[PDB]
Amino acid sequence: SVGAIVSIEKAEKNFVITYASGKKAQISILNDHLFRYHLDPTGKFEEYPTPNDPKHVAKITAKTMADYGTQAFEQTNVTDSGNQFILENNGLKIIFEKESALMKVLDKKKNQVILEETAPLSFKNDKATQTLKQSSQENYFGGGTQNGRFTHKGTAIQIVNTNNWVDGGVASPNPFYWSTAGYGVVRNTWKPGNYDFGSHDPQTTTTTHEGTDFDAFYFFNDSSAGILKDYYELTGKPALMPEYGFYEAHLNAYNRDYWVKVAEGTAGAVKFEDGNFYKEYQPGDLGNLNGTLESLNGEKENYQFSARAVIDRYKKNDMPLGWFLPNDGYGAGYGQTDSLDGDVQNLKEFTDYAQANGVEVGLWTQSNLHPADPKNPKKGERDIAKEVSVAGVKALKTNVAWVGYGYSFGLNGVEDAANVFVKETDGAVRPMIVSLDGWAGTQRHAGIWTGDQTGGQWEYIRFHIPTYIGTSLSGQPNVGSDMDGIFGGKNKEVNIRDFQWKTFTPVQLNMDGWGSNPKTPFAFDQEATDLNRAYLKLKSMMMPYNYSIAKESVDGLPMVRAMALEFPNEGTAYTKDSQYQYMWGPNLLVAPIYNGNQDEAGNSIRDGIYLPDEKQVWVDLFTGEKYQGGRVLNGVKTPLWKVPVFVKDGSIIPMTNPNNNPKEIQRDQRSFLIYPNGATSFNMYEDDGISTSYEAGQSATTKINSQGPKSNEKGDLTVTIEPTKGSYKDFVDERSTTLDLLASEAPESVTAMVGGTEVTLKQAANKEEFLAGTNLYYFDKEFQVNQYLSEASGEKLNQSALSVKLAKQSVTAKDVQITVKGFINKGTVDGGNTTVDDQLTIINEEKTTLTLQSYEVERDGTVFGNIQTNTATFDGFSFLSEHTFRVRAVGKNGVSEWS
Ligand SMILES: CC(=O)N[C@H]1[C@@H](OC[C@H](N)C(=O)O)O[C@H](CO)[C@H](O)[C@@H]1O
Ligand SMILES: [Ca+2]
C-alpha cells in the first residue's frame with residue numbers, strides 16, 4: 001500500500017499524485033466523464049501496457065490520450081480542501097481522502113457518489129487489487145464471454161483466457177465491467193484477472209489483475225448505451241458484419257479425408273445421392289481400407305464427397321447459405337497439389353463456384369497466415385494475401401491452435417488479418433472474422449463464436465442464451481455459435497429449437513464433420529427440415545431490420561439485448577429472471593425453449609416468460625395473440641413448430657422477400673410490418689453490404705414514423721416514410737413500397753401522398769387483385785407473416801392486416817404519407833385489466849424440495865400469472881433459502897388486493 005497522499009499537482013498534461021511512500025500516480029482527464037488513473041511503480045508512465053510478446057503491436061485503445069484533446073484537462077481544477085484533495089470539472093468531482101488515499105467520484109449531473117474505494121489499492125502476491133463499495137441495488141455486467149452467465153452481482157468472474165467452451169468457462173475474456181450505479185472500468189493490462197462482485201461481503205466489490213502496475217480507464221454515464229459508447233470510443237467501435245455474415249455458414253474440411261462404402265447401419269455411415277452408405281476416415285485411420293478421397297471441387301470421380309456437392313445440397317433443400325469454409329479441419333488444407341500456388345488455384349475454382357451460387361468463401365486457420373518467405377512459399381504454408389487477392393476469400397475463422405495463447409496474441413492476429421482483407425481488396429471487402437480468446441478491443445476487427453460443445457441436448461441451448469446476452473453487454477455485438485454443436489446430435493427437438501432461437505441472433509455456424517450426424521439444417525426428418533427452413537427464411541426476410549440493429553450496435557446498444565437495456569426501470573430485467581430471454585433489437589422479445597419439459601400433448605412447457613411493463617401489449621409474432629406486460633408467465637404451451645417471440649406493440653419491422661443470400665434480395669422494393677401503438681419510429685440503415693465504404697459515409701438511412709391510436713383503440717393512423725438520406729455503390733433509388741399494418745377491421749378510408757402529390761388508391765376486391773396490382777389497399781384476414789412456417793406447422797397461422805402497395809418512386813426525392821381513417825387493431829389481451837377491483841375476493845409443507853395453495857402470485861416482488869388453478873410451484877431456489885410471497889385473484893374488472 002502506497003500510504004497517505006502528500007500532494008496533487010497539475011502538470012503540463014496530467015495530475016501527478018505523490019504518496020507518502022514516494023510512489024506516484026498520474027490522472028489523465030480525457031473528457032468530462034472519462035479519466036485514466038495510472039499508479040506506475042517504475043515511474044516510466046509509458047502510454048501503453050507491455051504485451052506478452054514485443055511483436056504484439058495491436059493496442060487495447062483505438063483512440064490515443066492525445067486524440068481526446070486537452071480541453072477537459074484544461075477545464076479540471078485541483079483544490080486542497082482540508083482532509084481531501086478534489087479534482088473538479090463540469091462532469092465529475094474526483095475526491096481523494098489525504099490520510100487513507102481513498103478515491104470517490106461524484107457525478108455532478110446526478111449529484112451522487114457513483115464509485116467509492118473502501119480500502120486502499122493492494123499490491124500483494126504480484127497482483128493489483130481495487131476495493132469498492134457495492135450498494136444493495138447495484139448490478140454488474142461485462143467480463144467478455146462468461147459462459148452461462150450475464151449478471152454478476154454476488155458472483156466472481158475470471159478475466160482469463162480459459163480455453164474452456166462450456167458452462168462456467170470463459171470463451172473470450174475482457175477486462176471491462178460496468179455497474180448500474182453508472183460507471184465502467186477498463187483495466188489497461190494484458191494480464192489475467194478476477195472480479196469479485198461481493199460473493200463475500202455483499203457491500204464490497206474487488207477487482208484483481210496479475211502485475212504490480214495499476215492502470216485503468218473510468219467512465220461515468222447515465223445510460224447503458226452511453227457506457228457502451230464510451231467503451232467503443234476508447235477501444236474501437238464494433239465492426240459491421242457484411243450482409244452475408246448474418247446468413248448461416250457451412251464449415252468443414254473437403255481436402256483430406258476418405259469415404260469408404262459400408263453397410264447401412266454401420267457406425268458413422270451417411271447415405272449419399274448414389275443411394276449408397278459411406279463412412280468417413282482420416283488418412284491415418286484407413287489401415288487396409290480403400291475409399292474415395294474428398295476434394296473441394298469434386299473433380300476426381302468423387303463429386304458427391306466434395307465441398308461443391310454441399311453447396312448443391314443447401315440449394316436443393318432451398319436453405320439460406322451465406323458463406324462456406326472448406327478447410328476447417330486439422331492439417332486439412334485447400335489443395336492437393338505440390339505447391340501453395342497450385343492449392344490457391346484449386347481454392348479459387350471453388351470460390352468461383354460458390355460465388356456463382358451466391359455464397360462467399362472463408363478460410364479457417366490453425367496457424368500464422370504468412371509464409372516465412374512470401375516470395376518463395378512452401379506447400380502447406382498459408383498466405384492470406386494470396387488467399388484474398390487470387391482466390392477471392394472474404395472471411396476468416398481463427399482456431400484455438402492459433403490464438404490459444406490469448407491476451408495480446410489474438411488481438412495482434414485479428415488486427416493484421418483485418419488489415420490484409422482491406423489492403424488486398426482496396427477496401428472492396430470489409431473484414432468478416434470469427435474468433436475467440438479475445439480481449440478489450442477485439443470487437444473492432446472480429447466477432448466471437450463460443451467454441452466446442454456437445455449439441456443434441458437441452459444444456460446446449462440453456463447455457464448459450466445468457467452466454468450471448470453477456471457477450472453483447474461486454475461490447476461484442478457480433479456473437480455466434482455452432483448450430484446444434486460441433487459434437488453430438490441425434491435429437492430432433494433440440495435441433496429444431498436451436499435453429500428457432502438462432503434466427504434472432506447474429507452468427508450461425510454449421511460446424512460439420514465431428515458430430516453424431518452431419519451438421520446442416522437438413523440432417524433430420526422432413527418435419528425438422530421444413531421448420532429449420534421456415535426459421536432460416538424468416539431471418540432472410542428480417543434482414544433490413546437485422547442490418548439496421550447491426551448498424552445501431554456499431555455505436556450503441558448491441559443486437560442481443562439484456563432485458564435491462566430496454567426496461568431499465570424493472571428489477572426483474574437485471575436478475576436471473578432474465579437469463580433465458582432477450583430483446584432482438586428494440587421490437588422482439590425472444591424466450592427460447594431450453595429444456596425438454598412437455599405437457600400431455602407433447603407441447604413444450606415454457607416457464608418464466610417475463611413480459612415487461614404493465615402498460616405494454618406484447619403480440620405473439622406467429623398468431624397475433626395479445627398479452628399484457630408487468631407479469632412473468634409460467635406453464636406456456638409451445639408446440640414443436642413454435643418459439644416464443646413477442647412483438648412490442650408499436651413496432652415497425654422493415655422486411656424483404658425471402659432469400660437464400662444477399663444477392664437474392666429485391667433492392668427495388670421496401671416493405672414494413674407495422675403494429676401501430678401511439679407514436680413510434682424506426683431508422684432503416686442500408687449500404688453496399690460488403691465494402692469498408694460505410695466508414696467513409698457511403699450508406700443511406702430512411703426514417704419511418706407510425707402515428708396511430710394506442711393498442712386496441714380506434715382512430716387516425718398516419719405512416720410517414722421520410723426521404724432516404726445518403727448514397728453508396730449501386731444504390732437503387734426507384735423502389736415500390738408495401739405497408740403491412742396489423743388491423744382487426746377494414747378502415748373507413750386510406751389516402752396516400754407521395755412527395756406532397758395525392759396518389760389515388762383502389763380497394764382490391766380480393767388477394768389476387770392485391771398481389772397483381774399497385775396503388776391499392778386490401779384488408780386481409782388470411783395474412784401470413786411466414787408462409788413457410790404455416791406450411792411446416794400444418795396451421796394456417798392467419799392474421800388480419802391492412803396492406804397498402806405504392807408504385808415505384810424515387811425514395812430520395814419523394815416521401816410517403818399514408819393516412820388511415822378508422823384504423824383499429826383490437827384483440828382480447830391476456831391480463832388486459834391491470835386496475836385493482838374491490839368487488840373481488842382476494843405454503844404446502846408436503847412438497848418443499850416451494851408450492852402455495854385465474855390467479856397471480858408475487859415471488860420476492862416479481863408477479864407471476866397464467867396460474868389457472870388454486871395452486872402454483874416456484875423452483876430455481878438455492879438449497880435452503882427463504883423467500884416472500886402473496887397472492888391475488890384475477891377477474892374481468894381487475895385484480896384483488898394482495899395479502
Ligand atoms: C475451439 C476451436 O478452435 N475449435 C475448433 C477446433 O476443434 C478441434 C477439437 N477441439 C479437437 O478435439 O480436436 O478445430 C475444429 C477443426 O475442424 C473446428 O474448427 C473447431 O471449431
Ligand atoms: Ca472431410
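All residue numbers in this chain count up from 1 along the given sequence. Every heavy atom of this structure was used, including side-chain atoms; hydrogens, water molecules and symmetry mates were not.
Using a cutoff of 4.0 Å between basic side-chain nitrogens and carboxylate oxygens, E387 and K348 are not scored as salt-bridged. Taking the charged nitrogens against the carboxylate oxygens, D167 and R149 have no contact shorter than 4.0 Å, which rules out a salt bridge. Looking at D530 and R533, a side-chain N of the basic residue comes within less than 4.0 Å of a carboxylate O on the acidic one, giving a salt bridge. Salt-bridge formation is detected for the pair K502/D498: a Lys NZ or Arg NE/NH1/NH2 atom is positioned less than 4.0 Å from an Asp or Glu carboxylate oxygen. Looking at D484 and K492, no side-chain N of the basic residue comes within less than 4.0 Å of a carboxylate O on the acidic one, giving no salt bridge. Under a 4.0 Å N-O distance rule, the pair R444/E415 qualifies as a salt bridge. Between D482 and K519 there is no salt bridge, since none of the side-chain N atoms of the basic residue sits less than 4.0 Å from a carboxylate O of the acidic one.
Test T235, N478, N174 against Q443 for side-chain hydrogen bond (donor to acceptor under 3.5 Å, both in side chains) and you get one pass: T235. With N194 as the fixed residue, the side-chain contact (heavy atoms from CB on, under 4.5 Å) test singles out one of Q158, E210, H209: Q158. None of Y247, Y685, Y694 except one satisfies the ring-ring contact (aromatic ring centres under 6.0 Å, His included) rule with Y547; the exception is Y685.
Side-chain atoms of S435 and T398 form a donor-acceptor pair, as typed in the model, at a separation below 3.5 Å. Under 3.5 Å, the side chains of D452 and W514 contain no donor-acceptor pair of N or O atoms. For the 3.5 Å distance criterion, the side chains of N147 and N164 fail to qualify, holding no donor opposite an acceptor.
A ring-centre distance under 6.0 Å is not found for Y580 and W501. Proximity of the aromatic rings of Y407 and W190 is defined here by a centroid distance below 6.0 angstrom, and this criterion is not met. The distance between the ring centers of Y254 and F324 falls below 6.0 angstrom. For an aromatic pair to be called close, the ring centres must be under 6.0 Å apart, and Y177 with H152 fails this. Note: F421 and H445 fail the aromatic proximity criterion, with ring centroids not under 6.0 Å apart. Ring to ring, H250 and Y314 are close: their centroids are under 6.0 angstrom apart. A centroid separation of 6.0 Å or more is found between the aromatic rings of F150 and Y468.
Distance check, rounded to the nearest 0.5 Å: CG of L509 to CH2 of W449 gives 8.0 Å. The CD atom of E294 sits 5.0 Å away from atom CG of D257, with the distance rounded to the nearest 0.5 Å. Between atom CD1 of residue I690 and atom CZ of residue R430 there is a gap of 6.5 Å, rounded to the nearest 0.5 Å. The line from CD1 of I665 to CG of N659 is 4.5 Å long, rounded to the nearest 0.5 Å. Expressed to the nearest 0.5 Å, how far CZ of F504 lies from OH of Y582 amounts to 7.5 Å. Atoms OG and CZ, from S578 and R561 in turn, are 15.0 Å apart once rounded to the nearest 0.5 Å.
Atom NZ of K237 sits in a sparse spot, with 12 or fewer heavy atoms from other residues, nucleotides or ligands closer than 6.0 Å. The local environment of OH in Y405 is sparse, with at most 12 non-hydrogen atoms from other residues, nucleotides or ligands closer than 6.0 Å. Atom NZ of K229 has 12 or fewer neighbouring heavy atoms from other residues, nucleotides or ligands inside a 6.0 Å radius. The number of heavy atoms from other shown groups lying within 6.0 Å of NZ (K386) is above 12.
The backbone N or O of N587 sits less than 3.5 Å from a side-chain atom of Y545, completing a donor-acceptor pair. Judged purely by atom type and a 3.5 angstrom limit, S474 uses its side chain to pair as donor or acceptor with the backbone of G144. The backbone N or O of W165 lies less than 3.5 Å from a partner atom in the side chain of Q453, making a donor-acceptor pair. Panel note: side chain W439, backbone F409; no donor-acceptor pair is recorded below 3.5 Å. Between the side chain of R497 and the backbone N or O of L640 there is at least one donor-acceptor pair closer than 3.5 Å. Without hydrogens or angle criteria, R606 side chain to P592 main chain gives a donor-acceptor distance under 3.5 Å. Put simply, the side chain of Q146 gets close to the backbone of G143: a donor and an acceptor are under 3.5 Å apart. Counting only distance, with no hydrogens or angles, the side chain of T692 and the backbone of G427 share a donor-acceptor pair below 3.5 Å. No donor-acceptor pair under 3.5 Å is formed between the side chain of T471 and the backbone N or O of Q476. In terms of modelled atom types and a separation under 3.5 Å, the side chain of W178 and the main chain of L473 share a donor-acceptor contact.
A171 and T162 get closest at one heavy-atom pair: N-OG1, 4.4 Å. Closest of all the heavy-atom pairs between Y232 and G556 is CE1-O, 3.6 Å. The minimum heavy-atom distance linking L363 with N327 is given by the pair CA-OD1, 3.5 Å. When all heavy atoms of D688 and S691 are compared, the pair lying nearest together is OD2-OG, 2.6 Å.
Using cut-offs of 30° and 60° on the angle between ring planes, the pair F176 and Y231 is parallel.
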### Verdict with reasoning, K663 to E243, per salt bridge (charged side-chain N to carboxylate O under 4.0 Å, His left out)
CA-CA 10 Å; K663 294 238 165 136; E243 284 182 32; over 6 Å; no

### Trace of the side-chain hydrogen bond (donor to acceptor under 3.5 Å, both in side chains) decision for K642 with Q500
CA-CA 8 Å; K642 192 176 193 179; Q500 280 169 335; over 6 Å; no

### Task
Test salt bridge (charged side-chain N to carboxylate O under 4.0 Å, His left out) on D687 and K551 and set out the steps.
CA-CA 10 Å; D687 67 14; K551 165 63 172 180; over 6 Å; no

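Side-chain contact between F499 and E248: present, with at least one pair of heavy atoms (C-beta onward) separated by less than 4.5 Å.
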